[PDB]
Amino acid sequence: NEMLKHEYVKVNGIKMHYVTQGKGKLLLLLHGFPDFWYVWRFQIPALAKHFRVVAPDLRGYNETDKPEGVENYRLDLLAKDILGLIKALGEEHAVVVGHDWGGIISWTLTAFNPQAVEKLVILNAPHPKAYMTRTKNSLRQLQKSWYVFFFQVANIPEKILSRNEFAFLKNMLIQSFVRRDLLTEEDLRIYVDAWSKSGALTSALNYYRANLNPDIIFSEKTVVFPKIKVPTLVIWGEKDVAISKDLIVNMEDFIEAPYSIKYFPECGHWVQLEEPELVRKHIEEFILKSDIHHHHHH
Amino acid sequence: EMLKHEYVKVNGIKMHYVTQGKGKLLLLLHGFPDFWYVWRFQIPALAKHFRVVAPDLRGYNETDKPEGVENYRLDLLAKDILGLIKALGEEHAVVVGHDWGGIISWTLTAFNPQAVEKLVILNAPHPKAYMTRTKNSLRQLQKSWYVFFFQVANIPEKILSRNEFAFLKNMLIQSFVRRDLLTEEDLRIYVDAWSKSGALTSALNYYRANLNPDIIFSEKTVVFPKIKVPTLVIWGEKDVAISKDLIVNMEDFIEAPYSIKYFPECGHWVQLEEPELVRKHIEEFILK
Ligand SMILES: Oc1ccccc1Cl
Ligand SMILES: Oc1ccccc1Cl
Ligand SMILES: [Cl-]
Ligand SMILES: [Cl-]
């Protein structure tokens, strides 16, 4: 049957790497910082039983192209990469699942391009308008976002994050997990391989510099963000060291469509690694649910 | 004898201070985003018994404000205070420091024990505890979000000062344990000091010079002599800016009588929240 394959495609001016397995509805899985496609290792084979799973490396990461310059990492361009990818895969629509930055991009792609997104899944990613509105008024979110401010400085964060074989990034991950020994030494080797790709760390930090700089966080302008019009599932690990529960209060207000949120009270930011089977189960059930209900109790 | 203003040349700069009282010299040193006025509740009461001197530190209020991040390095700040003691015609002082004033007081004391009779610290980490422990404390890194914010040029000054310092006012107000601790009058006086030409950038330069990420995440050992003079630490436990991680286990840092008084219901601005009890503890420590 279908085994995992690596592939490469031109999208929106760049060459993007992805892995894919399975046949059927296109299901994109989009990672965040400081991950790459491999973050989805527990979900790919299980979802490939039902779906055509595609897990790309985003702009800047791992095997994907890394344009120079902060302006090349603005949210608008990242979402246009994903629209480009759906087309380059020979499709018009996708179910889109996004974690962390992958989720911020997914919220954005869905709001501005609802025609490309059949259903939306978000894991532990604040709605961008909630972040931009609420952060400056939330001491707990400002505290949790200490590293967003750190990342704004040029040159020096890349140096600090990469010293002693990326000890800093390893520690960021390790201190974020609810369970000990979640990553093996072997997993850490694989992550260092990706982090070490020339230009990867600078490009990753450029997402923060382009979209979460202090002028934006403390802006007096309100952000324009259309309501979400496609069925949405949010999966949320509650012990998230990066996102305050302040930012998810009344999240459903952003959605004018069927909306479900599944809380995982004992899991953290990396919910897909902490309860990988229950995450997979919830995503599958959501996608396979019929949108037409004309045979109650048959 | 009432509170009087003075100005004195020290270490290349002119420093403004207020003073009241006669006898043993007692220095009160403010931190960010304060000035001498933060000591308003303690100065008259302590002046009954001591020669109280409360300066504006380098960069602040009516004190000189040299240009350039390098001019705010800790060694220069402590040398300003050594210079002040001498300019006041003394050879030593009792030194009380809050926040940056406390970081400076730890530094002055460690390197110049001859200039310090006794040391009082209010809600200020030992600089070497900060430099050693912060990188290993998620709670301290989180509480220091604003230290990272302040590293970037120009933009923090803009944000902090917009809408008549609404941002800075909010930083203070969110830090206090009680509502309406500052009167409208107090806020006018704070705004007046924040508005002094160059004050805000010079204040932020302390963080850029001393708490930049190269320092915080350095793996080098910091060389800091043990404190050799009697020390009292006063600590408001509801401090939004400092984790209890940084103040425990001072034994390695202090080779002299040391005591710590915890204020479980007070925050970072302990001298404003419990002004009488703070003053009482200071007075008893110096006299007894
Ligand atoms: O580090 C990213 C962006 C800041 C919000 C937390 C995650 Cl999604
Ligand atoms: O804002 C200052 C310096 C960083 C530690 C907290 C206070 Cl003393
Ligand atoms: Cl392959
Ligand atoms: Cl759970």
# chains A, B, ... in the order shown; residues from 1 in each chain; ligands from 1
>>> residues_near_ligand(ligand="ligand 1", cutoff="6 Å", atoms="only C-alpha atoms and all ligand atoms", output="compact mmCIF listing (two decimals) with N, CA and C atoms, in the first residue's frame")
# COMPACT_ATOMS: atom_id res chain seq x y z
N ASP A 100 0.24 25.95 16.22
CA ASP A 100 1.22 27.02 16.49
C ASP A 100 1.21 28.00 15.28
N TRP A 101 2.37 28.39 14.70
CA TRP A 101 2.32 29.24 13.52
C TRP A 101 1.52 28.65 12.38
N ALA A 125 -3.24 27.34 18.71
CA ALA A 125 -2.81 28.52 17.97
C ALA A 125 -3.87 29.55 18.22
N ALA A 242 2.93 28.88 26.32
CA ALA A 242 3.08 30.01 25.42
C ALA A 242 1.82 30.84 25.24
N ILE A 243 0.64 30.26 25.55
CA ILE A 243 -0.61 30.97 25.25
C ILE A 243 -1.46 30.99 26.52
>>> interface_residues(of="chain B", to="chain A", cutoff="7 Å", atoms="only C-alpha atoms", output="VMD selection string")
chain B and resid 141 to 145 148 to 149 152
>>> write_last_selection(atoms="N, CA and C atoms", output="compact mmCIF listing (two decimals), in the first residue's frame")
# COMPACT_ATOMS: atom_id res chain seq x y z
N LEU B 141 12.17 34.31 33.38
CA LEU B 141 12.22 34.78 31.99
C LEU B 141 10.86 35.41 31.63
N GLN B 142 9.77 34.76 32.01
CA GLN B 142 8.43 35.30 31.73
C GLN B 142 8.24 36.68 32.40
N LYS B 143 8.59 36.79 33.68
CA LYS B 143 8.41 38.08 34.36
C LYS B 143 9.29 39.16 33.74
N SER B 144 10.44 38.77 33.16
CA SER B 144 11.32 39.71 32.46
C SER B 144 10.96 39.92 30.99
N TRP B 145 9.69 39.71 30.57
CA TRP B 145 9.32 39.95 29.19
C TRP B 145 9.74 41.39 28.79
N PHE B 148 13.27 42.13 27.72
CA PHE B 148 13.53 41.85 26.31
C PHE B 148 12.92 42.92 25.41
N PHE B 149 11.70 43.38 25.72
CA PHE B 149 11.03 44.45 24.97
C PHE B 149 11.94 45.69 24.86
N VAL B 152 15.01 46.71 22.17
CA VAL B 152 14.96 47.25 20.82
C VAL B 152 15.00 48.78 20.88
>>> residues_around(residues="segment 179-196 of chain A", least_positions_apart="2", cutoff="12 Å", atoms="only C-alpha atoms", output="VMD selection string")
chain A and resid 33 to 39 41 57 60 to 64 158 to 159 161 to 171 173 to 177 198 to 205 239 266 to 276
>>> write_last_selection(atoms="C-alpha atoms", output="mmCIF file, in the first residue's frame")
data_model
loop_
_atom_site.group_PDB
_atom_site.id
_atom_site.type_symbol
_atom_site.label_atom_id
_atom_site.label_comp_id
_atom_site.auth_asym_id
_atom_site.auth_seq_id
_atom_site.Cartn_x
_atom_site.Cartn_y
_atom_site.Cartn_z
ATOM 1 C CA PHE A 33 7.999 26.867 15.598
ATOM 2 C CA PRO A 34 10.542 25.243 16.133
ATOM 3 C CA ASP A 35 9.183 22.198 14.293
ATOM 4 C CA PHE A 36 8.971 20.903 10.711
ATOM 5 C CA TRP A 37 6.874 18.159 9.031
ATOM 6 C CA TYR A 38 8.235 15.560 11.492
ATOM 7 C CA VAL A 39 6.106 16.987 14.327
ATOM 8 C CA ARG A 41 4.970 11.708 12.757
ATOM 9 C CA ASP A 57 7.892 22.330 5.623
ATOM 10 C CA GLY A 60 12.059 29.126 5.884
ATOM 11 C CA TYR A 61 12.080 25.652 7.434
ATOM 12 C CA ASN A 62 14.017 22.407 6.997
ATOM 13 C CA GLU A 63 14.112 21.450 3.247
ATOM 14 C CA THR A 64 11.938 24.301 2.000
ATOM 15 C CA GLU A 158 20.049 33.084 16.359
ATOM 16 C CA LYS A 159 23.466 32.854 18.014
ATOM 17 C CA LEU A 161 19.523 29.569 20.220
ATOM 18 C CA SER A 162 22.162 27.600 18.241
ATOM 19 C CA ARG A 163 24.996 27.407 20.857
ATOM 20 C CA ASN A 164 25.857 24.037 22.460
ATOM 21 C CA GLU A 165 24.008 22.072 19.745
ATOM 22 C CA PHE A 166 20.802 24.122 20.075
ATOM 23 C CA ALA A 167 20.605 23.599 23.873
ATOM 24 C CA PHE A 168 18.227 26.619 24.034
ATOM 25 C CA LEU A 169 15.628 25.237 21.567
ATOM 26 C CA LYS A 170 15.863 21.797 23.076
ATOM 27 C CA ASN A 171 15.082 23.374 26.459
ATOM 28 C CA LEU A 173 10.547 22.193 23.894
ATOM 29 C CA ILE A 174 11.412 20.098 26.953
ATOM 30 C CA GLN A 175 10.079 22.706 29.413
ATOM 31 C CA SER A 176 6.840 22.908 27.392
ATOM 32 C CA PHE A 177 5.887 19.245 27.613
ATOM 33 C CA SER A 198 21.697 27.061 6.616
ATOM 34 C CA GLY A 199 19.384 30.038 7.147
ATOM 35 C CA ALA A 200 16.631 27.994 8.899
ATOM 36 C CA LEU A 201 16.804 29.641 12.302
ATOM 37 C CA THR A 202 16.936 33.197 10.906
ATOM 38 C CA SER A 203 13.971 32.513 8.656
ATOM 39 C CA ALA A 204 11.960 30.965 11.521
ATOM 40 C CA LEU A 205 12.598 33.989 13.755
ATOM 41 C CA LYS A 239 -1.226 23.561 30.140
ATOM 42 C CA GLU A 266 -3.550 17.582 31.160
ATOM 43 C CA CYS A 267 -1.740 18.339 27.874
ATOM 44 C CA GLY A 268 0.436 21.310 26.876
ATOM 45 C CA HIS A 269 1.181 23.281 23.700
ATOM 46 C CA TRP A 270 2.330 20.121 21.815
ATOM 47 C CA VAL A 271 -0.981 18.309 22.190
ATOM 48 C CA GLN A 272 -0.427 16.201 19.048
ATOM 49 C CA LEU A 273 2.659 14.619 20.725
ATOM 50 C CA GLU A 274 1.121 14.206 24.198
ATOM 51 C CA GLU A 275 -2.186 12.511 23.258
ATOM 52 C CA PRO A 276 -1.476 11.530 19.608
#
>>> residues_near_ligand(ligand="ligand 2", cutoff="8 Å", atoms="only C-alpha atoms and all ligand atoms", output="PyMOL selection string")
chain B and resi 31-32+98-103+123-125+130+144+147+207+211+241-242
>>> closest_residue(among="B:73, B:133, B:24, B:30", to="residue 217 of chain B", atoms="only C-alpha atoms")
B:133
>>> closest_atom_pairs(of="chain A", to="ligand 3", cutoff="10 Å", atoms="only C-alpha atoms and all ligand atoms", output="Markdown table")
| residue | atom | partner | partner_atom_place_in_ligand_line | distance |
| --- | --- | --- | --- | --- |
| A:3 | CA | ligand 3 | 1 (Cl) | 8.5 |
| A:4 | CA | ligand 3 | 1 (Cl) | 6.7 |
| A:5 | CA | ligand 3 | 1 (Cl) | 3.7 |
| A:6 | CA | ligand 3 | 1 (Cl) | 4.0 |
| A:7 | CA | ligand 3 | 1 (Cl) | 6.7 |
| A:18 | CA | ligand 3 | 1 (Cl) | 9.9 |
| A:19 | CA | ligand 3 | 1 (Cl) | 7.8 |
| A:20 | CA | ligand 3 | 1 (Cl) | 8.9 |
>>> write_last_selection(atoms="N, CA, C and O atoms", output="tab-separated table (two decimals), in the first residue's frame")
chain	number	residue	atom	x	y	z
A	3	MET	N	3.13	4.16	0.94
A	3	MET	CA	4.15	4.48	1.92
A	3	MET	C	4.46	5.97	1.83
A	3	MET	O	4.16	6.62	0.82
A	4	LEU	N	4.98	6.48	2.93
A	4	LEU	CA	5.34	7.88	3.04
A	4	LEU	C	6.33	8.20	1.93
A	4	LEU	O	7.30	7.44	1.70
A	5	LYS	N	6.08	9.31	1.23
A	5	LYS	CA	7.00	9.80	0.24
A	5	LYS	C	7.36	11.26	0.44
A	5	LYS	O	6.55	12.10	0.85
A	6	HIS	N	8.61	11.59	0.11
A	6	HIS	CA	9.05	12.97	0.11
A	6	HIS	C	8.88	13.54	-1.27
A	6	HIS	O	9.23	12.92	-2.30
A	7	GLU	N	8.44	14.82	-1.34
A	7	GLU	CA	8.24	15.49	-2.60
A	7	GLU	C	8.58	16.96	-2.50
A	7	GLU	O	8.75	17.50	-1.37
A	18	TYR	N	7.57	18.58	1.01
A	18	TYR	CA	6.51	18.00	1.83
A	18	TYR	C	6.65	16.50	1.87
A	18	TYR	O	7.33	15.90	0.99
A	19	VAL	N	6.01	15.89	2.84
A	19	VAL	CA	5.85	14.45	2.85
A	19	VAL	C	4.36	14.15	2.64
A	19	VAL	O	3.49	15.00	2.92
A	20	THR	N	4.10	13.01	2.03
A	20	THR	CA	2.69	12.65	1.76
A	20	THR	C	2.52	11.14	1.89
A	20	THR	O	3.43	10.37	1.58
>>> select_by_dssp(residues="segment 114-244 of chain B", states="strand (DSSP E or B)", output="PyMOL selection string")
chain B and resi 116-122+227+231-236
>>> write_last_selection(atoms="N, CA, C and O atoms", output="PDB file, in the first residue's frame")
ATOM      1  N   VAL B 116      30.325  51.434  52.762  1.00  0.00           N
ATOM      2  CA  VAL B 116      28.967  51.081  53.134  1.00  0.00           C
ATOM      3  C   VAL B 116      28.968  50.608  54.580  1.00  0.00           C
ATOM      4  O   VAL B 116      29.559  49.573  54.876  1.00  0.00           O
ATOM      5  N   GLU B 117      28.245  51.316  55.455  1.00  0.00           N
ATOM      6  CA  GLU B 117      28.160  50.904  56.852  1.00  0.00           C
ATOM      7  C   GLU B 117      27.220  49.712  57.024  1.00  0.00           C
ATOM      8  O   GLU B 117      27.551  48.740  57.684  1.00  0.00           O
ATOM      9  N   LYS B 118      26.009  49.810  56.449  1.00  0.00           N
ATOM     10  CA  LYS B 118      25.030  48.735  56.420  1.00  0.00           C
ATOM     11  C   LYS B 118      24.289  48.846  55.087  1.00  0.00           C
ATOM     12  O   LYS B 118      24.274  49.944  54.517  1.00  0.00           O
ATOM     13  N   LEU B 119      23.724  47.721  54.635  1.00  0.00           N
ATOM     14  CA  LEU B 119      23.031  47.637  53.336  1.00  0.00           C
ATOM     15  C   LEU B 119      21.588  47.193  53.525  1.00  0.00           C
ATOM     16  O   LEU B 119      21.324  46.221  54.211  1.00  0.00           O
ATOM     17  N   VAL B 120      20.628  47.939  52.956  1.00  0.00           N
ATOM     18  CA  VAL B 120      19.238  47.536  52.946  1.00  0.00           C
ATOM     19  C   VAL B 120      18.815  47.408  51.470  1.00  0.00           C
ATOM     20  O   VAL B 120      19.004  48.376  50.721  1.00  0.00           O
ATOM     21  N   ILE B 121      18.203  46.274  51.144  1.00  0.00           N
ATOM     22  CA  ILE B 121      17.757  46.014  49.764  1.00  0.00           C
ATOM     23  C   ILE B 121      16.250  45.836  49.808  1.00  0.00           C
ATOM     24  O   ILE B 121      15.783  45.084  50.636  1.00  0.00           O
ATOM     25  N   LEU B 122      15.464  46.531  48.968  1.00  0.00           N
ATOM     26  CA  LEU B 122      14.039  46.303  48.827  1.00  0.00           C
ATOM     27  C   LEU B 122      13.798  45.766  47.421  1.00  0.00           C
ATOM     28  O   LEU B 122      14.081  46.453  46.446  1.00  0.00           O
ATOM     29  N   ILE B 227      29.350  39.870  50.038  1.00  0.00           N
ATOM     30  CA  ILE B 227      28.957  41.039  50.811  1.00  0.00           C
ATOM     31  C   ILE B 227      29.537  40.856  52.212  1.00  0.00           C
ATOM     32  O   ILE B 227      29.199  39.862  52.853  1.00  0.00           O
ATOM     33  N   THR B 231      23.489  43.125  56.273  1.00  0.00           N
ATOM     34  CA  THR B 231      22.523  43.351  55.202  1.00  0.00           C
ATOM     35  C   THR B 231      21.122  42.966  55.658  1.00  0.00           C
ATOM     36  O   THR B 231      20.915  41.945  56.326  1.00  0.00           O
ATOM     37  N   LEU B 232      20.144  43.796  55.293  1.00  0.00           N
ATOM     38  CA  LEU B 232      18.737  43.500  55.480  1.00  0.00           C
ATOM     39  C   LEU B 232      18.077  43.494  54.105  1.00  0.00           C
ATOM     40  O   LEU B 232      18.241  44.452  53.332  1.00  0.00           O
ATOM     41  N   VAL B 233      17.360  42.415  53.799  1.00  0.00           N
ATOM     42  CA  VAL B 233      16.559  42.379  52.582  1.00  0.00           C
ATOM     43  C   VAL B 233      15.098  42.489  52.990  1.00  0.00           C
ATOM     44  O   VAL B 233      14.636  41.759  53.860  1.00  0.00           O
ATOM     45  N   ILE B 234      14.382  43.433  52.373  1.00  0.00           N
ATOM     46  CA  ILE B 234      12.941  43.518  52.533  1.00  0.00           C
ATOM     47  C   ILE B 234      12.330  43.069  51.224  1.00  0.00           C
ATOM     48  O   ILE B 234      12.730  43.593  50.188  1.00  0.00           O
ATOM     49  N   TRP B 235      11.333  42.182  51.287  1.00  0.00           N
ATOM     50  CA  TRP B 235      10.815  41.582  50.068  1.00  0.00           C
ATOM     51  C   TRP B 235       9.294  41.441  50.060  1.00  0.00           C
ATOM     52  O   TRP B 235       8.721  40.614  50.768  1.00  0.00           O
ATOM     53  N   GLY B 236       8.632  42.233  49.228  1.00  0.00           N
ATOM     54  CA  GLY B 236       7.220  42.073  48.912  1.00  0.00           C
ATOM     55  C   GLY B 236       7.019  40.835  48.046  1.00  0.00           C
ATOM     56  O   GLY B 236       7.611  40.711  46.968  1.00  0.00           O
TER      57      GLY B 236
END
>>> select_by_dssp(residues="segment 25-120 of chain A", states="helix (DSSP H, G or I)", output="PyMOL selection string")
chain A and resi 37-40+44-48+70-73+75-88+101-112+114-116
>>> closest_residue(among="B:51, B:206, B:45, B:97", to="residue 74 of chain B", atoms="only C-alpha atoms")
B:206
>>> decode(residues="segment 8-28 of chain B", atoms="N, CA, C and O atoms", output="PDB file, in the first residue's frame")
ATOM      1  N   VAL B   8      25.116  68.272  42.808  1.00  0.00           N
ATOM      2  CA  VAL B   8      26.525  68.068  43.096  1.00  0.00           C
ATOM      3  C   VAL B   8      27.193  67.381  41.913  1.00  0.00           C
ATOM      4  O   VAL B   8      26.580  66.516  41.281  1.00  0.00           O
ATOM      5  N   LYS B   9      28.459  67.713  41.650  1.00  0.00           N
ATOM      6  CA  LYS B   9      29.212  67.047  40.596  1.00  0.00           C
ATOM      7  C   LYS B   9      29.834  65.771  41.133  1.00  0.00           C
ATOM      8  O   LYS B   9      30.484  65.799  42.175  1.00  0.00           O
ATOM      9  N   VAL B  10      29.655  64.661  40.395  1.00  0.00           N
ATOM     10  CA  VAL B  10      30.141  63.341  40.767  1.00  0.00           C
ATOM     11  C   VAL B  10      30.568  62.609  39.488  1.00  0.00           C
ATOM     12  O   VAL B  10      29.807  62.598  38.530  1.00  0.00           O
ATOM     13  N   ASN B  11      31.732  61.930  39.471  1.00  0.00           N
ATOM     14  CA  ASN B  11      32.029  60.936  38.434  1.00  0.00           C
ATOM     15  C   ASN B  11      31.747  61.466  37.016  1.00  0.00           C
ATOM     16  O   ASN B  11      31.286  60.709  36.148  1.00  0.00           O
ATOM     17  N   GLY B  12      31.987  62.762  36.767  1.00  0.00           N
ATOM     18  CA  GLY B  12      31.793  63.332  35.441  1.00  0.00           C
ATOM     19  C   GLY B  12      30.399  63.907  35.164  1.00  0.00           C
ATOM     20  O   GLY B  12      30.178  64.454  34.090  1.00  0.00           O
ATOM     21  N   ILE B  13      29.444  63.783  36.098  1.00  0.00           N
ATOM     22  CA  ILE B  13      28.084  64.219  35.839  1.00  0.00           C
ATOM     23  C   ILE B  13      27.624  65.053  37.024  1.00  0.00           C
ATOM     24  O   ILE B  13      28.173  64.905  38.116  1.00  0.00           O
ATOM     25  N   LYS B  14      26.568  65.837  36.825  1.00  0.00           N
ATOM     26  CA  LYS B  14      25.876  66.554  37.882  1.00  0.00           C
ATOM     27  C   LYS B  14      24.657  65.738  38.341  1.00  0.00           C
ATOM     28  O   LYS B  14      23.771  65.412  37.528  1.00  0.00           O
ATOM     29  N   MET B  15      24.574  65.463  39.658  1.00  0.00           N
ATOM     30  CA  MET B  15      23.484  64.687  40.219  1.00  0.00           C
ATOM     31  C   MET B  15      22.626  65.583  41.095  1.00  0.00           C
ATOM     32  O   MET B  15      23.156  66.375  41.909  1.00  0.00           O
ATOM     33  N   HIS B  16      21.316  65.509  40.886  1.00  0.00           N
ATOM     34  CA  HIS B  16      20.336  66.159  41.726  1.00  0.00           C
ATOM     35  C   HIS B  16      19.987  65.235  42.894  1.00  0.00           C
ATOM     36  O   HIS B  16      19.888  64.020  42.704  1.00  0.00           O
ATOM     37  N   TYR B  17      19.740  65.819  44.078  1.00  0.00           N
ATOM     38  CA  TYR B  17      19.229  65.048  45.198  1.00  0.00           C
ATOM     39  C   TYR B  17      18.366  65.928  46.082  1.00  0.00           C
ATOM     40  O   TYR B  17      18.434  67.162  46.002  1.00  0.00           O
ATOM     41  N   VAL B  18      17.550  65.268  46.893  1.00  0.00           N
ATOM     42  CA  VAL B  18      16.855  65.955  47.978  1.00  0.00           C
ATOM     43  C   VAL B  18      17.447  65.469  49.295  1.00  0.00           C
ATOM     44  O   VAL B  18      17.949  64.348  49.397  1.00  0.00           O
ATOM     45  N   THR B  19      17.374  66.334  50.326  1.00  0.00           N
ATOM     46  CA  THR B  19      17.985  65.975  51.606  1.00  0.00           C
ATOM     47  C   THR B  19      17.211  66.655  52.735  1.00  0.00           C
ATOM     48  O   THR B  19      16.634  67.729  52.540  1.00  0.00           O
ATOM     49  N   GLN B  20      17.157  65.954  53.872  1.00  0.00           N
ATOM     50  CA  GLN B  20      16.481  66.406  55.077  1.00  0.00           C
ATOM     51  C   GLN B  20      17.144  65.696  56.245  1.00  0.00           C
ATOM     52  O   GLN B  20      17.540  64.537  56.137  1.00  0.00           O
ATOM     53  N   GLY B  21      17.359  66.422  57.345  1.00  0.00           N
ATOM     54  CA  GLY B  21      17.861  65.791  58.562  1.00  0.00           C
ATOM     55  C   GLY B  21      19.373  65.916  58.762  1.00  0.00           C
ATOM     56  O   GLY B  21      20.109  66.336  57.863  1.00  0.00           O
ATOM     57  N   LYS B  22      19.830  65.572  59.984  1.00  0.00           N
ATOM     58  CA  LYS B  22      21.233  65.637  60.365  1.00  0.00           C
ATOM     59  C   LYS B  22      21.659  64.290  60.953  1.00  0.00           C
ATOM     60  O   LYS B  22      20.821  63.537  61.470  1.00  0.00           O
ATOM     61  N   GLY B  23      22.971  64.013  60.897  1.00  0.00           N
ATOM     62  CA  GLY B  23      23.522  62.840  61.563  1.00  0.00           C
ATOM     63  C   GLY B  23      24.154  61.862  60.564  1.00  0.00           C
ATOM     64  O   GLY B  23      24.780  62.281  59.587  1.00  0.00           O
ATOM     65  N   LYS B  24      23.993  60.560  60.834  1.00  0.00           N
ATOM     66  CA  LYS B  24      24.549  59.529  59.975  1.00  0.00           C
ATOM     67  C   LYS B  24      23.956  59.704  58.575  1.00  0.00           C
ATOM     68  O   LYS B  24      22.746  59.907  58.440  1.00  0.00           O
ATOM     69  N   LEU B  25      24.815  59.601  57.555  1.00  0.00           N
ATOM     70  CA  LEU B  25      24.315  59.706  56.178  1.00  0.00           C
ATOM     71  C   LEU B  25      23.573  58.425  55.804  1.00  0.00           C
ATOM     72  O   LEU B  25      24.151  57.334  55.919  1.00  0.00           O
ATOM     73  N   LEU B  26      22.336  58.597  55.328  1.00  0.00           N
ATOM     74  CA  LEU B  26      21.474  57.518  54.867  1.00  0.00           C
ATOM     75  C   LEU B  26      21.087  57.850  53.410  1.00  0.00           C
ATOM     76  O   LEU B  26      20.348  58.817  53.177  1.00  0.00           O
ATOM     77  N   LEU B  27      21.526  57.011  52.450  1.00  0.00           N
ATOM     78  CA  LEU B  27      21.124  57.164  51.046  1.00  0.00           C
ATOM     79  C   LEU B  27      19.937  56.275  50.689  1.00  0.00           C
ATOM     80  O   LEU B  27      19.873  55.089  51.075  1.00  0.00           O
ATOM     81  N   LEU B  28      18.951  56.854  49.994  1.00  0.00           N
ATOM     82  CA  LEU B  28      17.826  56.077  49.504  1.00  0.00           C
ATOM     83  C   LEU B  28      17.903  56.101  47.980  1.00  0.00           C
ATOM     84  O   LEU B  28      17.842  57.184  47.403  1.00  0.00           O
TER      85      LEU B  28
END
